[PDB]
There are 2 protein chains.
Amino acid sequence: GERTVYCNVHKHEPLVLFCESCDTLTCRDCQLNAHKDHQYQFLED
Amino acid sequence: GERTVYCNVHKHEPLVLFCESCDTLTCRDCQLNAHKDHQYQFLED
Ligand SMILES: [Zn+2]
Ligand SMILES: [Zn+2]
Ligand SMILES: [Zn+2]
Ligand SMILES: [Zn+2]
């Protein structure tokens, strides 16, 4: 049962996005905070 | 640093792939073994 992969920083948040500006996997909190204004896509997208 | 994310199964393997069949982040070993023949793309593409 290792379906969900979580953020290294926000431990209970699933990594569901990829920040293109940083070539970095991100969770919702990462994308709205440290990565605000960066270009991104949800992984499924 | 905390940006590179490593697989929880294959400890020294980074999650660089996304298995489209399962909508799940995978590392090289995950993709070739547990996800054999599933559709995938490297995150960077
Ligand atoms: Zn995060
Ligand atoms: Zn970013
Ligand atoms: Zn798969
Ligand atoms: Zn793996």
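X-ray crystallography is the method the PDB entry states for this structure, with the resolution given as 1.80 Å.

Named according to the PDB entry, chain A is Transcription intermediary factor 1-beta originating from Homo sapiens. As recorded in the PDB, the entry bears the title "Crystal structure of MS1043".

S.K.: Can you walk me through the coordination of the zinc ion (ligand 1) in this structure?
M.R.: When a metal carries six donors in an octahedron, the ideal angles between them are 90 or 180 degrees, while four donors in a tetrahedron ideally lie at 109.5 degrees. Residues and elements named next belong to chain A. For the zinc ion (ligand 1), the protein coordination sphere consists of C7 (SG), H10 (ND1), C27 (SG) and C30 (SG), at 2.0 to 2.4 Å. Taken together, the four donor atoms coordinating the zinc ion (ligand 1) and their angles of 95 to 121° define a geometry best described as tetrahedral. Summarised as a motif, the one-chain spacing of the donors to the zinc ion (ligand 1) is C-x2-H-x16-C-x2-C. Highlighted residues: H10 in the segment before β1 (17–19) and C27 in the loop between β2 (24–26) and α1 (28–32), separated in sequence by 17 residues. Overall, the relative accessible area of 0% leaves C27 in the buried class.

S.K.: I keep staring at the relation of the copies chain A and chain B and nothing clicks. Help me out?
M.R.: Taken together, a rotation about one axis and a shift along it account for how the two chain copies relate. Superposition of chain A onto chain B requires a rotation of 177° combined with a translation of 0.2 Å along the rotation axis, giving an RMSD of 0.7 Å. With respect to symmetry, the two chain copies, as superposed, fit the operation of a two-fold axis. Looking at the rotation axis and the C-alpha trace of chain A, the residue lying nearest is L43 of chain A, at 4.1 Å.

S.K.: I keep staring at the coordination of the zinc ion (ligand 2) and nothing clicks. Help me out?
M.R.: Residues and elements named next belong to chain A. Coordination sphere of the zinc ion (ligand 2), protein contribution only: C19 (SG), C22 (SG), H35 (ND1) and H38 (ND1), at 2.0 to 2.4 Å. With four donor atoms in place around the zinc ion (ligand 2) and angles of 100 to 120° between them, the coordination shape is tetrahedral. Between consecutive donor residues of the zinc ion (ligand 2), the sequence gaps follow C-x2-C-x12-H-x2-H. Note that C22 is positioned in the loop between β1 and β2 and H35 in the loop between α1 and β3 (40–42), a separation of 13 residues in sequence. Residue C22 shares its accessibility class with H35, and that shared class is buried.

Calculation notes
- Residues numbered from 1 in each chain as written, not as in the entry; some residues may be left out.
- Chains lettered and ligands numbered in written order.
- Heavy atoms only, no water.
- Donors = N, O, S within 2.8 Å, 3.2 Å for Na, K, Ca; no water.
- Tetrahedral: all angles 85-135°; square planar, octahedral: opposite > 155°, others 65-115°.
- Helix = DSSP H or I, 4+ residues; strand = E, 2+ residues; numbered from the N terminus.
- Buried < 20%, exposed > 50% of the residue type's maximum accessible area, 1.4 Å probe, protein only.
- Least-squares fit on C-alpha atoms.

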